[PDB]
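Just the one chain here, the form solved without this ligand, laid out as structure tokens.
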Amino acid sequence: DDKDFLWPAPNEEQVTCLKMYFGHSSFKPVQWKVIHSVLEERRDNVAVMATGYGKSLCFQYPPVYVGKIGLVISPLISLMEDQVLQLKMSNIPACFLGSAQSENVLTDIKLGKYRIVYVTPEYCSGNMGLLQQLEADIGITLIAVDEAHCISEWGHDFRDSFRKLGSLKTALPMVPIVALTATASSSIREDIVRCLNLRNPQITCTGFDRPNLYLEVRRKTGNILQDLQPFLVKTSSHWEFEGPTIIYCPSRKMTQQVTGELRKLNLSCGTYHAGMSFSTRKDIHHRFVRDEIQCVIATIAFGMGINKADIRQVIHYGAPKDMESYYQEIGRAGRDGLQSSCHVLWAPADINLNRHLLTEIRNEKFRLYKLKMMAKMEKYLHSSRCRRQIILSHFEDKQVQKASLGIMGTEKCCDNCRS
């Protein structure tokens, strides 16, 4: 069951609703992330998606489940017409709202007869008073802004119509905005978050097969220098990795240890852990971005703000917490699209493997969730199957494995695909 690997667990009516109106068994981790953060946290989202495969459910499902109203703001007229028809045929009442259509649909929208209203950014700019009325009389579950990259002057597909969608948060500060786009440009999403005036936005990135990441799992011995020696190359007196390198460790003690023995070879490296000031941390980034230091030995803490294109190696010195955290950590590697490697070095005596450590948690539901996650991360590490296939299976939809051409099976895919 996939529903086991979601936190919170989608309730029984949520599952019923998905099968009834969309015809699916379970939510994928990213879909659930976006949907739940909309419904329960009312949190602005930026959803990066390489295709429209599982893209619609993110903004269509929420207003259907609560039975209120969702607003999709898009310039893609014919794509909007196809989705309006698909919703109508799935017994979801939906319309295209524009100046031409207004006389037939507007009264019905105002009296709450539509779950999902598609509009152009042109039309939306004029009728902010209509939006405030709908918030007041029904309540708007969310506003989806598709092709959100069109708000950016520095993007490749700029649209004048998008300029005044900034006023949505001024007009509706309580209503969450789901900004959708097909570009993984870090500068454009900063334009999207800025121009749409988004607050503490959840960022997600799916539909990409990351063919330039090689995955390996490898038994850890005990001796640190023994374990890392394979990854090291000397140039004169000092030692160095082949490129920019991140070594995530499960404990704060380990980051100090690993950094300790890596220093003895005069390696250009530094720590980044929980128990320190958000001041020394600021420089380590700027050093690492400017290639002043080569390696960073960190915990789960380091990563969220990393925009470094040329990360060549990620190493998990010890089994990671779970697949969620692992997916995030490896996802930072090789953003430039050049060959990078992601190695796990694990032993059975790692703190994220012992089950009789989580028995301390007395909340039944949460304890069972953490055990399913530990079991599944364990199943991945011991696997003799394709590391990429396990990860795509769990995180991405079926059509990302199908669309994944000419990497799975090759000597650059994973240790299991090699031998």
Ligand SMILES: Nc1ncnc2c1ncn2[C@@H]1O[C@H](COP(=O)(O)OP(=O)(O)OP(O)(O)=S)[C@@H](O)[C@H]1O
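One-based numbering along the sequence shown.
Below, we turn to the form solved in complex with this ligand, even though it does not appear here.
Using a 2.4 Å cut-off against backbone and C-beta atoms, this ligand, superposed onto this form from its pose in the entry with it bound, places 3 or more atoms that close, and the site is blocked.
In the entry with it bound, this ligand sits within 4.5 Å of a heavy atom belonging to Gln83.
This ligand in the entry with it bound comes within 4.5 Å of a heavy atom belonging to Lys28. Using a 4.5 Å cutoff between non-hydrogen atoms, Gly305 counts as a contact of this ligand in the entry with it bound. Taking the partner from elsewhere, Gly52 is found to have a heavy atom lying within 4.5 Å of this ligand in the entry with it bound. Judged against this ligand in the entry with it bound with a 4.5 angstroms heavy atom cut-off, the residues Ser56, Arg332 and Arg335 are in contact without exception. Between 253 to 261, 130 to 138, 237 to 245, 296 to 304, the stretch whose residues reach within 4.5 angstroms of this ligand in the entry with it bound through a non-hydrogen atom is 296 to 304.
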